[PDB]
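*Asks:* One file is attached below, query29.pdb, containing PDB, C-alpha atoms and all ligand atoms.
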```pdb
MODEL        1
ATOM      1  CA  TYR A   3       0.000   0.000   0.000  1.00  0.00           C
ATOM      2  CA  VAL A   4       0.929   3.654  -0.342  1.00  0.00           C
ATOM      3  CA  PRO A   5       2.161   5.093   2.985  1.00  0.00           C
ATOM      4  CA  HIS A   6       1.295   8.503   4.467  1.00  0.00           C
ATOM      5  CA  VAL A   7       2.133  11.489   2.233  1.00  0.00           C
ATOM      6  CA  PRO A   8       1.998  15.099   3.506  1.00  0.00           C
ATOM      7  CA  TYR A   9      -0.192  17.547   1.635  1.00  0.00           C
ATOM      8  CA  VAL A  10      -1.167  21.173   1.550  1.00  0.00           C
ATOM      9  CA  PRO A  11      -4.852  21.996   1.269  1.00  0.00           C
ATOM     10  CA  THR A  12      -6.182  25.400   0.189  1.00  0.00           C
ATOM     11  CA  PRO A  13      -7.692  27.302   3.142  1.00  0.00           C
ATOM     12  CA  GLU A  14     -11.489  27.575   2.924  1.00  0.00           C
ATOM     13  CA  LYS A  15     -11.440  31.357   2.431  1.00  0.00           C
ATOM     14  CA  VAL A  16      -9.048  31.061  -0.488  1.00  0.00           C
ATOM     15  CA  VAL A  17     -11.229  28.339  -2.036  1.00  0.00           C
ATOM     16  CA  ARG A  18     -14.241  30.638  -1.900  1.00  0.00           C
ATOM     17  CA  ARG A  19     -12.275  33.591  -3.303  1.00  0.00           C
ATOM     18  CA  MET A  20     -10.912  31.440  -6.163  1.00  0.00           C
ATOM     19  CA  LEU A  21     -14.421  30.450  -7.187  1.00  0.00           C
ATOM     20  CA  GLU A  22     -15.659  34.051  -6.842  1.00  0.00           C
ATOM     21  CA  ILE A  23     -12.764  35.346  -8.940  1.00  0.00           C
ATOM     22  CA  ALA A  24     -13.547  32.841 -11.696  1.00  0.00           C
ATOM     23  CA  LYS A  25     -17.239  33.864 -11.399  1.00  0.00           C
ATOM     24  CA  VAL A  26     -18.303  30.266 -10.853  1.00  0.00           C
ATOM     25  CA  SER A  27     -22.023  29.750 -11.474  1.00  0.00           C
ATOM     26  CA  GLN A  28     -24.626  26.982 -11.832  1.00  0.00           C
ATOM     27  CA  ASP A  29     -23.927  26.290 -15.513  1.00  0.00           C
ATOM     28  CA  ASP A  30     -20.242  25.588 -14.872  1.00  0.00           C
ATOM     29  CA  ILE A  31     -18.350  22.317 -14.815  1.00  0.00           C
ATOM     30  CA  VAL A  32     -15.445  22.622 -12.382  1.00  0.00           C
ATOM     31  CA  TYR A  33     -12.324  20.427 -12.526  1.00  0.00           C
ATOM     32  CA  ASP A  34      -9.768  20.516  -9.710  1.00  0.00           C
ATOM     33  CA  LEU A  35      -6.358  19.188 -10.770  1.00  0.00           C
ATOM     34  CA  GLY A  36      -4.992  17.397  -7.719  1.00  0.00           C
ATOM     35  CA  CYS A  37      -8.087  17.660  -5.587  1.00  0.00           C
ATOM     36  CA  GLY A  38      -6.754  16.472  -2.237  1.00  0.00           C
ATOM     37  CA  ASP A  39      -9.526  16.140   0.340  1.00  0.00           C
ATOM     38  CA  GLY A  40     -12.032  17.407  -2.238  1.00  0.00           C
ATOM     39  CA  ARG A  41     -12.760  20.800  -0.677  1.00  0.00           C
ATOM     40  CA  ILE A  42     -12.667  22.801  -3.911  1.00  0.00           C
ATOM     41  CA  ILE A  43     -15.083  20.576  -5.819  1.00  0.00           C
ATOM     42  CA  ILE A  44     -17.276  20.236  -2.721  1.00  0.00           C
ATOM     43  CA  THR A  45     -17.448  24.010  -2.181  1.00  0.00           C
ATOM     44  CA  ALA A  46     -18.143  24.558  -5.898  1.00  0.00           C
ATOM     45  CA  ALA A  47     -21.091  22.167  -5.700  1.00  0.00           C
ATOM     46  CA  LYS A  48     -22.334  23.133  -2.224  1.00  0.00           C
ATOM     47  CA  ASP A  49     -21.905  26.909  -2.264  1.00  0.00           C
ATOM     48  CA  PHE A  50     -21.737  27.830  -5.957  1.00  0.00           C
ATOM     49  CA  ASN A  51     -24.365  25.358  -7.165  1.00  0.00           C
ATOM     50  CA  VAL A  52     -22.364  23.996 -10.079  1.00  0.00           C
ATOM     51  CA  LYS A  53     -23.959  21.360 -12.262  1.00  0.00           C
ATOM     52  CA  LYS A  54     -20.850  19.196 -12.101  1.00  0.00           C
ATOM     53  CA  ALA A  55     -17.567  19.195 -10.206  1.00  0.00           C
ATOM     54  CA  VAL A  56     -14.790  16.675 -10.803  1.00  0.00           C
ATOM     55  CA  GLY A  57     -11.727  16.244  -8.632  1.00  0.00           C
ATOM     56  CA  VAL A  58      -8.732  14.481 -10.142  1.00  0.00           C
ATOM     57  CA  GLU A  59      -6.348  12.870  -7.677  1.00  0.00           C
ATOM     58  CA  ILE A  60      -3.577  10.277  -7.698  1.00  0.00           C
ATOM     59  CA  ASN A  61      -3.160   9.623  -3.968  1.00  0.00           C
ATOM     60  CA  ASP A  62      -5.549   7.001  -2.587  1.00  0.00           C
ATOM     61  CA  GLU A  63      -5.318   8.409   0.958  1.00  0.00           C
ATOM     62  CA  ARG A  64      -6.606  11.733  -0.372  1.00  0.00           C
ATOM     63  CA  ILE A  65      -9.266  10.039  -2.510  1.00  0.00           C
ATOM     64  CA  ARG A  66     -10.667   8.127   0.464  1.00  0.00           C
ATOM     65  CA  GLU A  67     -11.000  11.428   2.348  1.00  0.00           C
ATOM     66  CA  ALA A  68     -12.516  13.226  -0.596  1.00  0.00           C
ATOM     67  CA  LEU A  69     -15.116  10.507  -1.209  1.00  0.00           C
ATOM     68  CA  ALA A  70     -16.207  10.639   2.438  1.00  0.00           C
ATOM     69  CA  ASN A  71     -16.271  14.449   2.422  1.00  0.00           C
ATOM     70  CA  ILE A  72     -18.535  14.482  -0.629  1.00  0.00           C
ATOM     71  CA  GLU A  73     -21.080  12.400   1.302  1.00  0.00           C
ATOM     72  CA  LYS A  74     -20.677  14.395   4.530  1.00  0.00           C
ATOM     73  CA  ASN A  75     -21.445  17.576   2.608  1.00  0.00           C
ATOM     74  CA  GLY A  76     -24.428  16.172   0.762  1.00  0.00           C
ATOM     75  CA  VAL A  77     -23.157  16.797  -2.758  1.00  0.00           C
ATOM     76  CA  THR A  78     -22.835  13.227  -4.071  1.00  0.00           C
ATOM     77  CA  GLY A  79     -25.233  14.068  -6.889  1.00  0.00           C
ATOM     78  CA  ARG A  80     -22.880  16.580  -8.539  1.00  0.00           C
ATOM     79  CA  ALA A  81     -19.341  16.053  -7.236  1.00  0.00           C
ATOM     80  CA  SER A  82     -17.151  13.065  -8.131  1.00  0.00           C
ATOM     81  CA  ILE A  83     -13.549  11.903  -8.079  1.00  0.00           C
ATOM     82  CA  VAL A  84     -11.425  10.556 -10.921  1.00  0.00           C
ATOM     83  CA  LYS A  85      -8.492   8.477  -9.687  1.00  0.00           C
ATOM     84  CA  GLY A  86      -5.456   9.156 -11.809  1.00  0.00           C
ATOM     85  CA  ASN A  87      -2.620  11.413 -12.891  1.00  0.00           C
ATOM     86  CA  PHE A  88      -4.225  14.675 -13.981  1.00  0.00           C
ATOM     87  CA  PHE A  89      -1.779  14.912 -16.903  1.00  0.00           C
ATOM     88  CA  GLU A  90      -3.455  11.761 -18.257  1.00  0.00           C
ATOM     89  CA  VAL A  91      -7.078  12.577 -17.458  1.00  0.00           C
ATOM     90  CA  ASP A  92      -9.442  14.157 -19.983  1.00  0.00           C
ATOM     91  CA  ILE A  93     -10.448  17.590 -18.658  1.00  0.00           C
ATOM     92  CA  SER A  94     -11.953  18.925 -21.913  1.00  0.00           C
ATOM     93  CA  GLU A  95     -15.496  19.236 -20.533  1.00  0.00           C
ATOM     94  CA  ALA A  96     -14.385  21.727 -17.855  1.00  0.00           C
ATOM     95  CA  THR A  97     -15.534  25.350 -18.057  1.00  0.00           C
ATOM     96  CA  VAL A  98     -13.500  26.168 -14.934  1.00  0.00           C
ATOM     97  CA  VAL A  99     -10.192  24.533 -13.934  1.00  0.00           C
ATOM     98  CA  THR A 100      -8.740  25.063 -10.451  1.00  0.00           C
ATOM     99  CA  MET A 101      -5.160  24.320  -9.340  1.00  0.00           C
ATOM    100  CA  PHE A 102      -3.078  24.547  -6.165  1.00  0.00           C
ATOM    101  CA  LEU A 103       0.211  22.907  -6.995  1.00  0.00           C
ATOM    102  CA  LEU A 104       3.520  23.352  -5.161  1.00  0.00           C
ATOM    103  CA  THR A 105       5.931  21.785  -7.645  1.00  0.00           C
ATOM    104  CA  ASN A 106       7.323  23.181 -10.913  1.00  0.00           C
ATOM    105  CA  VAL A 107       4.777  21.684 -13.315  1.00  0.00           C
ATOM    106  CA  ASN A 108       4.354  24.773 -15.496  1.00  0.00           C
ATOM    107  CA  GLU A 109       6.077  23.621 -18.687  1.00  0.00           C
ATOM    108  CA  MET A 110       4.037  20.411 -18.651  1.00  0.00           C
ATOM    109  CA  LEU A 111       0.702  21.914 -17.690  1.00  0.00           C
ATOM    110  CA  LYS A 112       0.564  24.682 -20.319  1.00  0.00           C
ATOM    111  CA  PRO A 113       0.289  22.446 -23.404  1.00  0.00           C
ATOM    112  CA  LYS A 114      -2.356  20.166 -21.872  1.00  0.00           C
ATOM    113  CA  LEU A 115      -4.506  23.169 -20.971  1.00  0.00           C
ATOM    114  CA  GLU A 116      -4.281  24.787 -24.418  1.00  0.00           C
ATOM    115  CA  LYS A 117      -4.952  21.454 -26.088  1.00  0.00           C
ATOM    116  CA  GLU A 118      -7.988  20.302 -24.107  1.00  0.00           C
ATOM    117  CA  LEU A 119      -9.723  23.477 -22.909  1.00  0.00           C
ATOM    118  CA  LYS A 120     -12.210  25.389 -25.083  1.00  0.00           C
ATOM    119  CA  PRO A 121     -11.730  29.121 -25.651  1.00  0.00           C
ATOM    120  CA  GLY A 122     -13.290  31.049 -22.759  1.00  0.00           C
ATOM    121  CA  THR A 123     -12.525  28.363 -20.167  1.00  0.00           C
ATOM    122  CA  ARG A 124     -11.383  29.965 -16.922  1.00  0.00           C
ATOM    123  CA  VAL A 125      -8.288  28.689 -15.111  1.00  0.00           C
ATOM    124  CA  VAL A 126      -7.837  29.847 -11.525  1.00  0.00           C
ATOM    125  CA  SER A 127      -4.717  29.022  -9.520  1.00  0.00           C
ATOM    126  CA  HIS A 128      -3.628  29.401  -5.906  1.00  0.00           C
ATOM    127  CA  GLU A 129      -0.039  30.720  -5.916  1.00  0.00           C
ATOM    128  CA  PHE A 130       0.740  29.058  -9.231  1.00  0.00           C
ATOM    129  CA  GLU A 131       1.884  31.610 -11.766  1.00  0.00           C
ATOM    130  CA  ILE A 132       1.712  30.100 -15.236  1.00  0.00           C
ATOM    131  CA  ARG A 133       4.953  31.309 -16.953  1.00  0.00           C
ATOM    132  CA  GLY A 134       4.311  32.596 -20.491  1.00  0.00           C
ATOM    133  CA  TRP A 135       0.645  33.351 -19.914  1.00  0.00           C
ATOM    134  CA  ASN A 136      -0.939  36.717 -19.179  1.00  0.00           C
ATOM    135  CA  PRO A 137      -3.294  36.621 -16.197  1.00  0.00           C
ATOM    136  CA  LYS A 138      -6.647  38.361 -16.434  1.00  0.00           C
ATOM    137  CA  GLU A 139      -6.436  38.943 -12.676  1.00  0.00           C
ATOM    138  CA  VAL A 140      -3.844  38.666  -9.912  1.00  0.00           C
ATOM    139  CA  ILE A 141      -5.578  38.959  -6.546  1.00  0.00           C
ATOM    140  CA  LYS A 142      -4.184  39.045  -3.018  1.00  0.00           C
ATOM    141  CA  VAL A 143      -6.373  37.263  -0.479  1.00  0.00           C
ATOM    142  CA  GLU A 144      -5.943  38.065   3.220  1.00  0.00           C
ATOM    143  CA  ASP A 145      -6.650  34.991   5.369  1.00  0.00           C
ATOM    144  CA  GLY A 146      -6.320  35.805   9.061  1.00  0.00           C
ATOM    145  CA  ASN A 147      -2.572  36.106   9.594  1.00  0.00           C
ATOM    146  CA  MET A 148      -1.973  34.588   6.183  1.00  0.00           C
ATOM    147  CA  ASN A 149      -1.696  36.061   2.698  1.00  0.00           C
ATOM    148  CA  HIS A 150      -2.310  34.332  -0.608  1.00  0.00           C
ATOM    149  CA  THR A 151      -2.121  35.088  -4.324  1.00  0.00           C
ATOM    150  CA  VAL A 152      -4.722  33.913  -6.823  1.00  0.00           C
ATOM    151  CA  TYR A 153      -4.226  34.010 -10.599  1.00  0.00           C
ATOM    152  CA  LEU A 154      -7.050  34.000 -13.131  1.00  0.00           C
ATOM    153  CA  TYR A 155      -6.495  33.045 -16.771  1.00  0.00           C
ATOM    154  CA  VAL A 156      -8.970  32.878 -19.623  1.00  0.00           C
ATOM    155  CA  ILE A 157      -8.167  30.437 -22.422  1.00  0.00           C
ATOM    156  CA  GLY A 158      -7.797  32.284 -25.713  1.00  0.00           C
TER     157      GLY A 158
HETATM  158  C1  LIG A 201      -1.306  21.283  -2.842  1.00  0.00           C
HETATM  159  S1  LIG A 201      -2.477  19.903  -2.693  1.00  0.00           S
HETATM  160  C2  LIG A 201      -3.987  20.820  -3.133  1.00  0.00           C
HETATM  161  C3  LIG A 201      -5.278  20.015  -2.928  1.00  0.00           C
HETATM  162  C4  LIG A 201      -6.565  20.765  -3.311  1.00  0.00           C
HETATM  163  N1  LIG A 201      -6.649  21.046  -4.746  1.00  0.00           N
HETATM  164  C5  LIG A 201      -6.682  22.064  -2.529  1.00  0.00           C
HETATM  165  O1  LIG A 201      -6.345  23.123  -3.068  1.00  0.00           O
HETATM  166  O2  LIG A 201      -7.102  22.071  -1.364  1.00  0.00           O
HETATM  167  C6  LIG A 201      -2.051  19.113  -4.265  1.00  0.00           C
HETATM  168  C7  LIG A 201      -2.747  17.781  -4.500  1.00  0.00           C
HETATM  169  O3  LIG A 201      -2.462  17.382  -5.826  1.00  0.00           O
HETATM  170  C8  LIG A 201      -2.194  15.993  -5.869  1.00  0.00           C
HETATM  171  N2  LIG A 201      -1.372  15.739  -7.056  1.00  0.00           N
HETATM  172  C9  LIG A 201      -0.084  16.152  -7.291  1.00  0.00           C
HETATM  173  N3  LIG A 201       0.275  15.728  -8.526  1.00  0.00           N
HETATM  174  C10 LIG A 201      -0.769  15.059  -9.075  1.00  0.00           C
HETATM  175  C11 LIG A 201      -0.949  14.425 -10.296  1.00  0.00           C
HETATM  176  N4  LIG A 201       0.010  14.388 -11.216  1.00  0.00           N
HETATM  177  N5  LIG A 201      -2.157  13.832 -10.572  1.00  0.00           N
HETATM  178  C12 LIG A 201      -3.180  13.845  -9.651  1.00  0.00           C
HETATM  179  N6  LIG A 201      -3.000  14.466  -8.430  1.00  0.00           N
HETATM  180  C13 LIG A 201      -1.815  15.068  -8.160  1.00  0.00           C
HETATM  181  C14 LIG A 201      -1.532  15.695  -4.541  1.00  0.00           C
HETATM  182  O4  LIG A 201      -1.666  14.326  -4.212  1.00  0.00           O
HETATM  183  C15 LIG A 201      -2.269  16.642  -3.603  1.00  0.00           C
HETATM  184  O5  LIG A 201      -3.412  16.013  -3.062  1.00  0.00           O
HETATM  185 MG    MG A 202      -1.537  30.529  -0.254  1.00  0.00          MG
ENDMDL
END
```
Represent the structure of the file as structure tokens.
Ligand SMILES: C[S@@+](CC[C@H](N)C(=O)[O-])C[C@H]1O[C@@H](n2cnc3c(N)ncnc32)[C@H](O)[C@@H]1O
Ligand SMILES: [Mg+2]
*Replies:*
Amino acid sequence: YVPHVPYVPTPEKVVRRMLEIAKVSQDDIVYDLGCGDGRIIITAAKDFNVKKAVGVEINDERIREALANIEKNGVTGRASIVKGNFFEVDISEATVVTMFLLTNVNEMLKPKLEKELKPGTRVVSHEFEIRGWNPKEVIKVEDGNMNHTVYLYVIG
């Protein structure tokens, strides 16, 4: 089995602000690349009423959490998990893509996004500047003692 692996979730306030910044609404399909405990797709479904939210995650410890959290939050009808490497998972149906990634995956991520996402798709990232792209918005989010940066991109 896969042993314990540390992770970094996005604080709840930053999750909300990300979805606000991307103007997430009911008609949206939200994909979270590396969804961890599922909080972004759960909040999108629970608080922003999205028709569909899909979390992609490779770590089974995280997936087990996320699956339970979906039930605990009463959003099993609209939120789901895809087990896999998000580089290898089809995200083309997304109208909004969220990311909080702490490794240098920029060079790899850019071509998959341009290839699979339709023009007008919004990409919103927590402290992940996408090198070579021009952000529509760069927003500082104050979170108690903590500060965060959120980037918004619009495909095309
Ligand atoms: C920084 S945590 C963020 C979790 C969540 N999106 C949030 O903001 O609260 C990054 C997550 O991405 C997952 N991850 C990293 N690389 C991945 C990959 N290639 N495919 C799927 N998941 C990945 C990790 O296992 C971890 O759960
Ligand atoms: Mg932060």
*Asks:* Taking all atoms of region 77-84 of chain A that the file lists and extending 8 Å past them on each side, where is the centre of the axis-aligned box and how long are its edges? Answer in Å to one decimal, as lines of an AutoDock Vina configuration file.
*Replies:*
```
center_x = -18.3
center_y = 13.7
center_z = -6.8
size_x = 29.8
size_y = 22.2
size_z = 24.2
```
*Asks:* List the residues selected by the PyMOL selection byres (((chain A and resi 51-55) around 6) and not hetatm) in the file shown, writing them as a list in words.
*Replies:*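 Applied to this file, the PyMOL selection byres (((chain A and resi 51-55) around 6) and not hetatm) selects residues 27, 28, 29, 30, 31, 32, 33, 43, 46, 47, 48, 49, 50, 56, 80 and 81 of chain A.
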*Asks:* When distances are computed from only C-alpha atoms, which of A:110, A:125, A:44, A:35 shows the smallest separation from residue 85 (chain A)?
*Replies:*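 Comparing A:110, A:125, A:44, A:35 against residue 85 (chain A), the winner is A:35.
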*Asks:* Given the point (-13.1, 27.3, -21.5) in the coordinates of this file, which residues lie within 10 Å, counting only C-alpha atoms, and how would they look as a list in words?
*Replies:* residues 30, 31, 94, 95, 96, 97, 98, 99, 115, 116, 118, 119, 120, 121, 122, 123, 124, 125, 155, 156, 157 and 158 of chain A
*Asks:* I want to know what sits within 10 Å of residue 91 (chain A), based on all atoms listed in the file, with residues of the same chain fewer than 3 positions away left out; could you give that as a compact mmCIF listing (two decimals) with C-alpha atoms, in the coordinates of the input?
*Replies:*
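In the end it all went to around08.txt:
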```txt
# COMPACT_ATOMS: atom_id res chain seq x y z
CA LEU A 35 -6.36 19.19 -10.77
CA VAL A 58 -8.73 14.48 -10.14
CA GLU A 59 -6.35 12.87 -7.68
CA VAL A 84 -11.42 10.56 -10.92
CA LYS A 85 -8.49 8.48 -9.69
CA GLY A 86 -5.46 9.16 -11.81
CA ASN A 87 -2.62 11.41 -12.89
CA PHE A 88 -4.22 14.68 -13.98
CA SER A 94 -11.95 18.92 -21.91
CA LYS A 114 -2.36 20.17 -21.87
```
